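Trainee:
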Amino acid sequence: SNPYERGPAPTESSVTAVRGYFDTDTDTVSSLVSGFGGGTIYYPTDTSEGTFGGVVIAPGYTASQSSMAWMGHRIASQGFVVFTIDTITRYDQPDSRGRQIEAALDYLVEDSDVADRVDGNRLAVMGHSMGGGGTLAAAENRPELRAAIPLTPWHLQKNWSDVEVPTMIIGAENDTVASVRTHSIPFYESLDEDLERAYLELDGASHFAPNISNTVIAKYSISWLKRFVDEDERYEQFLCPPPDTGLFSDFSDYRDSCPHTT
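The numbering of the sequence shown is PDB author numbering, which starts it at 1 and goes up by one.
#1: To test your reading of the DSSP string, which unbroken beta strand (DSSP E) runs of 3 or more residues are found completely within the region 139-213?
#2: Can you check which of these residues, 88, 4, 83, 74, is closest to residue 61 by C-alpha distance?
#3: Going by DSSP, which residues form a beta bridge with residue 84?
#4: Please classify residue 220: does DSSP put it in a helix, a strand, or coil?
#5: Can we count residue 157 as close to the ligand ADP, meaning its CB is less than 7 Å from some heavy atom?
#6: I'd like the list of long-range same chain contacts for residue 215, defined as Cβ closer than 7 Å, with 5 residues on each side in sequence excluded.
#7: Between which residues of its own chain and residue 31 is the CB-CB distance below 6 Å, once the five residues before and five after are set aside?
#8: What is the rounded straight-line gap between the Cα of residue 9 and the Cα of residue 235?
#9: If you compare alpha carbons, which of 154, 144, 196 is closest to residue 186?
#10: Taking DSSP's pairing of strands, which residues face residue 127 in a bridge?
#11: Which partner residues of residue 109 appear in the DSSP bridge assignment?
#12: Going by beta-carbon coordinates alone, are residue 251 and residue 175 separated by less than 8 Å?
#13: By DSSP's criteria, residue 24 is part of a beta bridge. Which residues make up the other side?
#14: On the three-state DSSP scale, how would you describe residue 252?
#15: Could you have a look at residue 33 and say whether DSSP puts it in helix, strand or coil?
#16: Could you pull the DSSP bridge partners for residue 52 from this structure?
#17: Can you list, in chain order, the residues of its chain whose CB lies under 6 Å from that of residue 64, leaving out five sequence neighbours each side?
#18: Once the 5 residues before and after residue 219 are set aside, which same chain residues still bring their CB inside 8 Å of it?
#19: Could you tell me the alpha carbon to alpha carbon distance between residue 125 and residue 197, rounded to whole angstroms?
#20: So, with DSSP's three-state summary, where would you put residue 229?
#21: Tell me which residue opens and which closes the alpha helix (DSSP H) that residue 74 is part of.
#22: Could you pull out every residue in the same chain whose Cβ sits closer than 8 Å to the Cβ of residue 100, ignoring the five residues on either side in sequence?
#23: Which term fits residue 3, buried or exposed, when burial requires 16 or more other beta carbons within 10 angstroms of its beta carbon?
#24: Over the uninterrupted alpha helix (DSSP H) stretch that includes residue 15, give me the two end residues.
#25: Determine, using beta carbons only, whether residue 195 and residue 55 come nearer to each other than 8 Å.
Structure (structure tokens):
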């Protein structure tokens with residue numbers, strides 16, 4: 001059986017809930033850490049079912065932890081150790097954000113007081129905007145990563161055909177900052193035809209959708225992490241078959257590689 005399965009059999013309820021099964025706590029990481037600006041670790045207090053996958057989440061240009069904080073307890077409560085990092089400076093570029101995510105993954109797995117609850121073999125990267133660009137850069141440098149979720153990603157590099165990490169790109173229909181025509185769709189279309197991947201385009205959404213509690217983003221993020229970080233087939237349910245994308249659907253567009261096999 002899957003040794004990495006955590007939590008009860010999921011429902012539409014459970015995956016869209018503001019808090020899942022697991023009681024969660026936080027540890028704060030100082031800006032004194034090398035390689036990034038610190039952050040907050042959100043982690044399940046219940047260790048009886050075994051260790052959890054670790055997930056670093058990077059902010060965008062001018063922003064910090066607080067723009068992504070809502071994902072902390074909401075993802076962690078599903079059975080993840082979730083690291084909402086700050087960057088060294090608010091003006092750090094995507095490649096720099098990418099390096100800061102890698103440092104944060106290493107800090108989480110090697111140095112954090114919760115490292116004993118993280119399975120260092122099962123790690124994921126997420127990030128908003130330039131942090132999304134950062135997420136691709138990390139995914140590209142670290143093919144051992146189980147899952148990558150760029151959110152309204154921004155990057156001057158368009159070609160990511162080398163990424164070996166299951167990639168869910170969530171775009172915003174009406175994004176004028178990281179336009180899906182010039183960022184998300186070029187990035188998605190460049191992925192290996194053999195790679196496990198999704199493109200979610202949120203209907204009439206703006207660049208800031210990822211910084212506001214969003215049930216679509218959370219459901220599909222948790223499903224993607226469960227499927228690839230935990231190899232949890234029980235979440236294939238939520239990803240495959242793909243959802244409808246007519247005009248009062250959550251999605252102006254949805255691209256998929258169903259079924260997933262891990």
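Yeah, the Cβ is synthetic: ideal placement off N, Cα and C, and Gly gets one too.
Mentor: Concretely, from the data shown:
#1: As far as the region 139-213 is concerned, its whole beta strand (DSSP E) runs of at least 3 residues are 147-151, 167-172, 197-202.
#2: Position 61 of the sequence shown, counted from the first residue, corresponds to residue 61. 88 is the residue among 88, 4, 83, 74 whose C-alpha sits nearest the C-alpha of residue 61.
#3: On the sequence shown, position 84 is the one that residue 84 refers to. BP columns for residue 84 point to 40, 57.
#4: The residue labelled residue 220 in the question sits at position 220 within the sequence shown. DSSP places residue 220 in helix when its eight states are reduced to three.
#5: As presented, the structure is devoid of all ligands, the ligand ADP included, so that no description of it is given.
#6: Residue 215 sits at position 215 when you count from the first residue of the sequence shown. Counting only Cβ-Cβ distances below 7 Å, and skipping sequence neighbours, we find 16.
#7: Against the sequence shown, residue 31 aligns to sequence position 31. Cβ neighbours of residue 31 beyond the five flanking positions: 37, 38.
#8: Looking up residue 9 in the sequence shown gives position 9. Looking up residue 235 in the sequence shown gives position 235. So the two alpha carbons sit approximately 9 Å from each other.
#9: Numbered from its first residue, the sequence shown carries residue 186 at position 186. The residue with the shortest Cα to Cα distance from residue 186 is 154.
#10: Stepping through the sequence shown from its first residue, residue 127 is reached at position 127. Paired residue(s): 58, 150.
#11: Taking the first residue of the sequence shown as position 1, residue 109 is located at position 109. DSSP output for residue 109 lists no bridge partner at all.
#12: Within the sequence shown, the letter at position 251 stands for residue 251. Within the sequence shown, the letter at position 175 stands for residue 175. No, the pair does not count as a contact, with Cβ atoms beyond the cut-off.
#13: Locating residue 24 in the sequence shown gives position 24, counting from the first residue. Residue pairing for residue 24: DSSP places it in a beta bridge opposite 44.
#14: Start at 1 with the first residue of the sequence shown, and residue 252 comes out as number 252. Here DSSP, grouped into helix, strand and coil, assigns residue 252 to strand.
#15: For the purposes of this step, residue 33 is identified with residue 33 of the sequence shown, where counting begins at 1. Collapsing the DSSP output to three states places residue 33 in coil.
#16: Within the sequence shown, numbered from 1, the residue matching residue 52 stands at position 52. Beta-bridge pairing links residue 52 to 118.
#17: In the sequence shown, residue 64 corresponds to position 64, counting from 1. Only 86 meet the Cβ criterion.
#18: As a working note, residue 219 is residue 219 in the sequence shown. For residue 219, the CB contacts under 8 Å within the same chain, skipping 5 residues up- and downstream, are 15, 16, 238 in chain order.
#19: Position 125 of the sequence shown holds residue 125. Position 197 of the sequence shown holds residue 197. The alpha-carbon of residue 125 is positioned some 14 Å away from that of residue 197.
#20: Mapped onto the sequence shown, residue 229 falls at position 229. Here residue 229 sits in helix by DSSP.
#21: Indexing the sequence shown from 1 puts residue 74 at position 74. Note, residue 74: alpha helix (DSSP H), 71-76.
#22: The residue labelled residue 100 in the question sits at position 100 within the sequence shown. Cβ neighbours of residue 100 beyond the five flanking positions: 35, 36, 37, 58, 85, 87, 88, 92, 134.
#23: Start at 1 with the first residue of the sequence shown, and residue 3 comes out as number 3. Residue 3 should be labelled exposed.
#24: Reading the sequence shown from its first residue, position 15 is the one you call residue 15. Taken as a continuous stretch (DSSP letters only), the alpha helix (DSSP H) holding residue 15 covers 12-16.
#25: Residue mapping note: residue 195 aligns to position 195 of the sequence shown, counting from 1. Residue mapping note: residue 55 aligns to position 55 of the sequence shown, counting from 1. Going by C-beta atoms, residue 195 is not nearer than 8 Å to residue 55.
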